[PDB]
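These are the residues of each chain, in order.
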There are 2 protein chains.
Amino acid sequence: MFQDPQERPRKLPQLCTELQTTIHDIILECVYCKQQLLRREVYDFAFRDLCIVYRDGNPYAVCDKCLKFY
Amino acid sequence: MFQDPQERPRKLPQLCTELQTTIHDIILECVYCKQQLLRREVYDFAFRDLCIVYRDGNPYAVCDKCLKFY
Ligand SMILES: [Zn+2]
Ligand SMILES: [Zn+2]
């Protein structure tokens, strides 16, 4: 879960800050196929221009698969 | 390998500029595995606050494989 005092950042780096962790530890899931995004590929989110997609009420990411879909 | 009059810095981004290439095209080898790092691994190296380890005279790096051990 992610509630107060956390505000649920819309940015990957900030999301890790509120979660009290690093981008190397936080593992996000795909919003489309719901697959686990490998930490190595998670860095591509910050490397390229991608925003965090919130599915229902949780922070999700776009995998290398769905990346070309949107 | 790297020789004069190249400056050969310890930072990957600067090395790319000196080599007149990009981080996507630059080829780095592992100091441990002795193999060539993958494009995804090179991105990780540039994402982390790591420096290039010069061994024997060739700019070697540390892939995610050895990186998790340290
Ligand atoms: Zn996906
Ligand atoms: Zn290695």
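- Method of structure determination, per the deposited record: solution NMR was used for this entry.

## Details of the relation of the copies chain A and chain B
Now for step 1: Under the fitted operation, chain A is carried onto chain B by 0.6 Å of movement along the axis and a turn of 158 degrees, and the coordinates agree to an RMSD of 1.2 Å.
Now for step 2: Mapped onto chain B, 70% of the interface residues of chain A again fall at the interface, so both copies present the same surface.

## Observations concerning the coordination of the zinc ion (ligand 1)
Around a metal, the perfect tetrahedron of four donors has angles of 109.5 degrees, and the perfect octahedron of six donors has angles of 90 or 180 degrees.
Residue and element names in this part refer to chain A.
Now for step 1: All of the protein donors around the zinc ion (ligand 1) are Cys30 (SG), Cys33 (SG), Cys63 (SG) and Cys66 (SG); their distances to the metal are 2.0 to 2.1 Å.
Now for step 2: For the zinc ion (ligand 1), the four donor atoms in the first shell make angles of 103 to 118 degrees at the metal, a pattern classed as tetrahedral.
Now for step 3: Each donor residue of the zinc ion (ligand 1) lies on one chain, and together they are spaced C-x2-C-x29-C-x2-C. Taken together, the residues span a long stretch of sequence, with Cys30 in the loop between α1 (12-18) and α2 (39-47) and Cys66 in the segment after β2 (58-60) at a distance of 36 residues. Neither residue differs from the other here; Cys30 and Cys66 are each classed as buried.

## Comments concerning helix α2 (residues 39-47) of chain B
Now for step 1: Taken as a whole, α2(B) has its buried residues at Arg40(B), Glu41(B), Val42(B), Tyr43(B), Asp44(B) and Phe45(B).
Now for step 2: Elements in contact with the buried residues of α2(B): α2 of chain A together with α1 (12-18), β3 (58-61) and α3 (64-67) of chain B.

## Let's talk about the layout of surface pockets
Now for step 1: Each pocket or cavity is described by its volume, and for the largest pocket that value is around 270 Å³.
Now for step 2: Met1(A), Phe2(A), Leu19(A), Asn58(A) and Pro59(A) are, among the 14 residues lining the largest pocket, the residues nearest its centre.
Now for step 3: The leading source of residues in the lining of the largest pocket is β2(A), at three residues.
Now for step 4: Partitioned by chemical class, the residues of the lining of the largest pocket number 10 nonpolar, two polar and two charged.
Now for step 5: Space inside the second largest pocket adds up to approximately 170 Å³.
Now for step 6: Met1(B), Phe2(B), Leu15(B), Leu19(B), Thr21(B), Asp25(B), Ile26(B), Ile27(B), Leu28(B), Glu29(B), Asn58(B) and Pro59(B) together form the lining of the second largest pocket.
Now for step 7: Of the residues that constitute the lining of the second largest pocket, the class distribution is eight nonpolar, two polar and two charged.

Cut-offs used in this document
- Residues numbered from 1 in each chain as written, not as in the entry; some residues may be left out.
- Chains lettered and ligands numbered in written order.
- Heavy atoms only, no water.
- Least-squares fit on C-alpha atoms.
- Contact = heavy atoms within 4.5 Å.
- Donors = N, O, S within 2.8 Å, 3.2 Å for Na, K, Ca; no water.
- Tetrahedral: all angles 85-135°; square planar, octahedral: opposite > 155°, others 65-115°.
- Helix = DSSP H or I, 4+ residues; strand = E, 2+ residues; numbered from the N terminus.
- Buried < 20%, exposed > 50% of the residue type's maximum accessible area, 1.4 Å probe, protein only.
- 1 Å grid on protein atoms, 1.4 Å probe; cavity = no way out; pocket = protein on both sides within 12 Å on 5 of 7 lines; lining within 4 Å.
- Points joined across faces, edges and corners; volume = space filled by probe spheres on them.
- Nonpolar A, V, L, I, M, F, W, Y, C, P; charged D, E, K, R; others polar.

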